[PDB]
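Structure 1 and structure 2 below are two forms of the same protein chain, each written out on its own as structure tokens.
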Structure 1
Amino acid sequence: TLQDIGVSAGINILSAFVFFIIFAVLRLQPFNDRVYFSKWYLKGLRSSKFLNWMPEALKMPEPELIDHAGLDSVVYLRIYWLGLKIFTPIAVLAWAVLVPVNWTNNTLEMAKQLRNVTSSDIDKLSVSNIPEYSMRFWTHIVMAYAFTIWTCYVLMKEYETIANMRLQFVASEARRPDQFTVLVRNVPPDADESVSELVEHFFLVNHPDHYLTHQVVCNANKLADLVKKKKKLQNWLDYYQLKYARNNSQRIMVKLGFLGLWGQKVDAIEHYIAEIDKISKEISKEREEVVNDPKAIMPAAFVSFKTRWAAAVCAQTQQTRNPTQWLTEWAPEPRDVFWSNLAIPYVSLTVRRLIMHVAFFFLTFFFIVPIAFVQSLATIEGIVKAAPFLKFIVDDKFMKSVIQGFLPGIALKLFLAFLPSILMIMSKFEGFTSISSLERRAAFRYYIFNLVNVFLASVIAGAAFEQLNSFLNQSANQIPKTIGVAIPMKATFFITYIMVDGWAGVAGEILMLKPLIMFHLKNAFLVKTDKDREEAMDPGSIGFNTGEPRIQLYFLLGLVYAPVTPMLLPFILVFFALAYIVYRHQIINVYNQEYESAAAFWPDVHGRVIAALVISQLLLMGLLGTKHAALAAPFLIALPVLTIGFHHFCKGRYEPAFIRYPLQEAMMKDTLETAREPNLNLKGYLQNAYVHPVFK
């Protein structure tokens, strides 16, 4: 159905161009310079044709970008570049060899002559149905081996480069209190001692000439909730006060906000005054209680040492016989710690993790039926009862094409909109004591969800819903035998899905619609002082847990569909290029970072790309040998083994630069620091970090 592809591509390019026009119009207009240039503001550097921003997005090179925005953003942008590196040779090789036998005919050739312009959907000629044993299966074998070899080689080179950059940045990084501090989880209880005294004695005995001081984790979650509620009530009261200041003649106010006006709140100004005073008295009482409360001390501490060498020694070594006591690990920098999760006793994280696995299986299974709905809409919509007379205004062949190859993508994207938030809630629900770990776990869950459901349960539910349209429930019939002819029709679907969730999605991403609207509403209704406009600033992080699983999905989809239908790949390449440029601009100008963990997430990225390689190889094995092994099993059972072996080699050779901190690097950093600054007071620098944001 190239007509659907063409109409959807046209409308998506038009949408992207319209988004860029509106973005330029809003950017040149100056009262919202405060939002489109959030950086240059948090770090003080600024105060206050159409699409030309891309050329100067490429300037200000990689070293200045690592120094400017941090190395996490640079490594994520390199994640986007890795897609181009992997899939441009693969696309060229597949288009030169696999469906087109046209390698080189013309060097400048504008219009293709009937080059799959009639019917490009049906590529199920020999990949699934007819066996040759002579040229086409061996073509598939050679293409699969070349694709795997190239992807592995570029993964190895990029993994080396990322490790080198991480080591150099960590060596050159300025002094921050997590280089000396180690978070000691699960301190064992004692009767006649406190947690602080236990930590003091243990780390004086077992790290004698290098231990400096410790700060104890205090459970102040109730006080933090009280403060958050007080801020919320302050904002609500300021909004109501300004609203009545606009119209002094106004009458009393409304009842409870969104519960259908369940209450009868009258003159909300006075009610909010009373609530704020009550919450302030409760906050003072809670502060005085928790400061002197001995049962608010959790069995954990932040121990700091006189040298990075000692901290690295402590963080990478077993501390006691029992590995479930004195859990020692690197501590996040104080802005990275997720304080709400430090109050979770270490015994109850495992049953919790099991609860996440149960709830995540429930989510990924129950969310099939909306993807089942998207696929039902992605099969020929024959029940016109939904739109029998007026689709919206009129029905037409273009209307069929739009409802067949634009509505599934939009529906799936809208159904995937609040999933990153749900997954963040599910990962935050169970202590990970750092924003970086929360983001990485949410990205891992989003990748598993996306792979298993959006791809697999879309292929299956576009296969078992189109071919097996109305049959019975037969069991012993070798069901996984029709997947070979099933998958490329889902390629036709995935062209549209990539286009919408890719080109248009990223084009609208730069518009910053939600931050712009929220900032304008807050500025108009809640300002109360011109100095709070900078407080209204929060561009947010790059969004690793919501942006990385998308690119991992597209990696897997391009890898899967390269040896079967190379029509997919150019759309993936366009996605990678556009996402790279847009997100580079965002890194330069917006998106301040919430944490700086120097590319500690890249082992996960490389592992997921390796898993995508393995999945692509296994699906190719299943799809090619539809019912006859075709003597390809003795060769498609070698690609997974060699890929796993190569992944093992890359693990063992490059992952230690991400999971272990060499002692020589620590000693060098300590020696250069102590030579550069000889009269440095480390104890006064490290003593009052890691206390709590609540206690000032």
Structure 2
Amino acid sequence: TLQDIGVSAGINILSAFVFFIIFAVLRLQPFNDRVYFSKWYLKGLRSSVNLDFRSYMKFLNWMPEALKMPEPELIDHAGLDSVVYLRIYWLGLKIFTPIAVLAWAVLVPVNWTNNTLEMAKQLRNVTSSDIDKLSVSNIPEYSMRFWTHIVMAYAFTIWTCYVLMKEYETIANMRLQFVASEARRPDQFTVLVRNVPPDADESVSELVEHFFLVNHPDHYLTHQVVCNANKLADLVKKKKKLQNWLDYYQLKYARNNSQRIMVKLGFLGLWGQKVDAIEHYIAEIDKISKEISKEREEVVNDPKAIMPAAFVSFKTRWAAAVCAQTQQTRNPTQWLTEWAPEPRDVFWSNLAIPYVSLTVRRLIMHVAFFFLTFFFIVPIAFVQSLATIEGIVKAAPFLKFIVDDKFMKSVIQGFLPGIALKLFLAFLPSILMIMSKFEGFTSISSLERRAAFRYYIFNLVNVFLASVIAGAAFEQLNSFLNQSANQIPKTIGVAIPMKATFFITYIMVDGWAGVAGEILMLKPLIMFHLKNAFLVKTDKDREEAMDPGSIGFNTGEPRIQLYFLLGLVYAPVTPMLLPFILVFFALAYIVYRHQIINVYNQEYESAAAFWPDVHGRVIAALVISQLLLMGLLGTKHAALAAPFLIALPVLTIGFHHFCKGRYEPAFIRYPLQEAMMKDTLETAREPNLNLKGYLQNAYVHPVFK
């Protein structure tokens, strides 16, 4: 089967190169913009017949320079978020190249010697033609060779810890080098104040003014109070639609006047009567502007519509950090102050939630997520069993009998049990985001981090265990509740080696296909070129998210974390996974890198704040691998193996706490020394400027233009 696994790997990787070579269709085809190639439009890098000269690019024109770019240049090119979200793949490569080489060179000799040693079969074809069981399953039960495996785990853990520390430090520095060296972010001068207490007869702005004038003098440039502006929101959306229509009309008329074609409201007939179709639109523009002026200034100064919150902006980064990192009032749930996110980041929907409501919602949704993940299968199984092809017979399917069906469509109709499951798994990121938004979090970044954690846990349970143990998740939970605390590692560890090869197959299929497509799939082409004729036109109306808002940290960090888990679990047990997984990282660190160059924007941007999240998951996967190896070595009766492999997770958790205490605070909480240096430098560079004008207009709302 070793020959078979080599051949299957070759076929899959050759299909990978085939997708990479159909990637060489762009820049030869007419209009040469299949991948939207946002490079000049990503951050407006220049925004605002074709028979010869092929020149045979041979994909050499993109392959090396995705590596040939300075890294600060990449940071300014895309942002610290995306550079770190590629440094995650680079990290994974750093974990699994030395582990791979050392694991092979030490285990595989020691591992594959049980039959005999120092023989003449090395030159024979039996060297590389037998079963691919040069894994821990080859060693007899009580042989001392198992000791080697033990030490390898230690080494691997230590090595992983090394990079996980070094890596961590690196990203920390980068975030700091991001905050100190940047150009005029309003969020550095602003603090979100939440849950101010009601007063008898005093406007909320009056409360905030008095409170932050008494308690934060010498500072407190200004403050913006928040409000529920729903009418203004729909009106400005209508204004944006009208603006798009007017721009389209003007462009068409300049392209072709058509003797002043006046067509409007022709669908309704008598309504509109198609008077002028130009003066009409400017009429709605003027009208909309009128009620926005009339009501925009009215909603701000009225009660029963001003929820308790504000974005207080200060005169100094030092002062803003001071107000953000302290608590103000005797009640720790009143006058909450936190570092204001980027104005783009803010989640304006959840700034009016009392503390008791927060706690209630968090408990409700923790229970709900538990019930979701552990009773994953019951409702979808029920509905799929209800959705039967024989039970769907009705008057309409009379023309849709088996006579015309089942030809090329029978695959989907027979795979419908998989269709319902795939439907739910496709909605799952959305369910996790909804459950995150319900428990108010106020910042898109925190929403994404919470959804990433929920997805990580759900993905762990379902994918990992349902791959390793029997089918249903709730019965698996019941069984694990009815096994000893010393039996769970034993059963999962003993089940690992047979699923080794299935995990090899999953790595190739899922990971390799994902990265191979990720350069360009059906989906981006079929959305963009269809939206070409669907929404407005080819590419105008820059109020749109067809170009991806952000490469998913919500979705995608959990997947590569799962691959971390596979790599760490199978390093001491069956190292045959360990080369294949490497290739995935390799290709990933290419594709997404090049992808980060060309087609991804930033929906928000918060200084790689998510990294401690990732680091915690890597430590968790490492501990899981150590526990499963301890269980497996417990099953295959060895020397004292439970003590070593149970003391190792303790050391891993201790190192995790060291990292969580040392480098982690730099990702949430802004040092005073850095603020003081930046403020002194800013005063030296620009000795005069009106900060008030630049500040008290960035945290109003997106609706208030």
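The term rigid core refers to the maximal set of C-alpha atoms that superpose within 1.5 Å between the two forms. Along the sequence of structure 1, residues get numbers from 1 upward.
Superposing the rigid core between structures 1 and 2 leaves a single residue from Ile86, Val582, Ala300, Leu412 with a C-alpha shift of at least 2 Å: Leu412. The Cα position of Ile483 differs by 2 Å or more between structures 1 and 2 after fitting on the rigid core. The two forms, fitted on the rigid core, differ between structures 1 and 2 by 2 Å or more at the CA of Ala378. For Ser172, a C-alpha deviation below 2 angstroms is recorded between structures 1 and 2 after rigid-core alignment. The two forms line up on their rigid core, and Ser134 then has its Cα shifted by 4.3 Å between structures 1 and 2. On the core-superposed pair, the CA position of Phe362 changes by 2.4 Å between structures 1 and 2.
The two forms line up on their rigid core, and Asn469 then has its Cα shifted by 17.4 Å between structures 1 and 2.
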